[PDB]
Amino acid sequence: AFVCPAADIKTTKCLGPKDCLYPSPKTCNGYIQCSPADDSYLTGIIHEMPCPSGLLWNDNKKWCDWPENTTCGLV
Amino acid sequence: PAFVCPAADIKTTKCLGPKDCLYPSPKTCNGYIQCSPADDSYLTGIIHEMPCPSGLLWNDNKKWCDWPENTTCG
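Caption draft 1: Local environment of the sheet that holds strand β1 (residues 22-24) of chain B. Residues and elements named next belong to chain B. Spatially, β1-β2-β3 is the arrangement adopted by the three strands of the open sheet, whose pairing is antiparallel. In the strand order of this sheet, the two ends are held by β1 and β3 (45-51), each with one partner. If you compare each strand with its neighbour and ignore which way they point, the axes differ by 30° on average. Strand direction decides the pairing type here: strand β2 (residues 31-37) and β3, joined by seven bridges, are antiparallel. The residue bridging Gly-31 from the neighbouring strand is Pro-51, located in β3.

See the structure below:
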């Protein structure tokens, strides 16, 4: 499986828009967001999030983006 | 008009979840606002004016940047 890396939750509290966002090792048509479990900010909960149809993850900008801009290498 | 992040949304969710504390931007359809708790009272928010990708528009129904046909803008 995948779990949330605790270091990111502890260090950032995922407060910034681009914090705690990651590529999905399972698809280019989505991503993973880690949410802090609670306001102790010690561990994270995994959310497998989709991109809109036709958009791919662009990890440079941590968003769903036009396919030409993708950072995803999965085939 | 100047935006204020809704206190009730911050207080109730602490903006923890993926779809929490996201709103339309009054400045553009090609973007949105994401609020982050400003302090440990969780009643006020820092405003992050976020763009959408080229040509795409906010869809407040799904709280994401989406194809223009699915917009809520206006």
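Following the structure, the description resumes.
Caption draft 2: Structural view of the pattern of salt bridges. Tallying each qualifying case throughout the model produces four salt bridges over all chains. One salt bridge connects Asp39(A) with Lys14(B), and the closest N-O pair in it is separated by 3.9 Å. Within this pair, whereas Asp39(A) is found in the loop between β2 (27-36) and β3 (44-50), its partner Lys14(B) is found in the loop between α1 (7-13) and β1, the two belonging to separate chains. For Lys14(B), a relative accessible area of 23% translates into the label partly exposed. The closest approach of N and O atoms between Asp60(B) and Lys63(B), which form a salt bridge, is 2.7 Å. A relative accessible area of 25% places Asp60(B) in the partly exposed class.

Caption draft 3: Expanded view of the interface of chain A and chain B. At the interface, 21 residues of chain A touch 20 residues of chain B. For the pair chain A and chain B, the summed buried area comes to about 1,600 Å², and 69% of that belongs to carbon and sulfur atoms. Applying the counting rule to chain A against chain B returns one salt bridge. Counting across the interface, chain A meets chain B through four residue pairs in polar contact. Its residues assigned to classes, the side of chain A that touches chain B comprises 12 nonpolar, five polar and four charged.

Caption draft 4: View of empty space enclosed by the protein. For the structure on display, the rule yields one cavity of 30 Å³ or more. Its volume calculated, the largest cavity comes out at about 190 Å³. If you trace the largest cavity, you find 21 residues lining it, with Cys14(A), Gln33(A), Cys15(B), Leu16(B) and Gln34(B) closest to the centre. Residue assignment for the lining of the largest cavity shows that the elements contributing at least two residues are β2 of chain A together with β2 of chain B. Counting residues per element, the lining of the largest cavity draws most heavily on β2(A), at four residues. Tallied by class, residues from the lining of the largest cavity come to 12 nonpolar, five polar and four charged.

Caption draft 5: Structural detail: the state of the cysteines. Residues and elements named next belong to chain A. For the structure on display, the rule yields eight disulfides over all chains. One disulfide bridge connects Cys-4 with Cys-34, the sulfur atoms lying 2.1 Å from each other. Measuring the twist about the S-S bond at about -90°, one finds the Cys-4-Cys-34 disulfide to be left-handed. Of the two residues, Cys-4 sits in the segment before α1 (6-12) while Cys-34 sits in strand β2, which places them 30 residues apart along the sequence. Here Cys-4 matches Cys-34 in class, with each residue buried. For chain B, the bonded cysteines pair up as 1-5, 2-3, 4-8, 6-7 when numbered in the order they occur along the sequence.

About the cut-offs
- Residues numbered from 1 in each chain as written, not as in the entry; some residues may be left out.
- Chains lettered and ligands numbered in written order.
- Heavy atoms only, no water.
- Pairing = 2+ DSSP bridges.
- Helix = DSSP H or I, 4+ residues; strand = E, 2+ residues; numbered from the N terminus.
- Axes fitted to C-alpha atoms, helices over the stretch in contact; angles between N-to-C directions.
- Salt bridge = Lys/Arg side-chain N within 4 Å of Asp/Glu carboxyl O.
- Buried < 20%, exposed > 50% of the residue type's maximum accessible area, 1.4 Å probe, protein only.
- Contact = heavy atoms within 4.5 Å.
- Buried area = accessible area lost by both parts, 1.4 Å probe.
- Polar contact = N/O pair within 3.5 Å; in protein donor to acceptor, adjacent residues only side chain to side chain.
- Nonpolar A, V, L, I, M, F, W, Y, C, P; charged D, E, K, R; others polar.
- 1 Å grid on protein atoms, 1.4 Å probe; cavity = no way out; pocket = protein on both sides within 12 Å on 5 of 7 lines; lining within 4 Å.
- Points joined across faces, edges and corners; volume = space filled by probe spheres on them.
- Disulfide = S-S within 2.5 Å.

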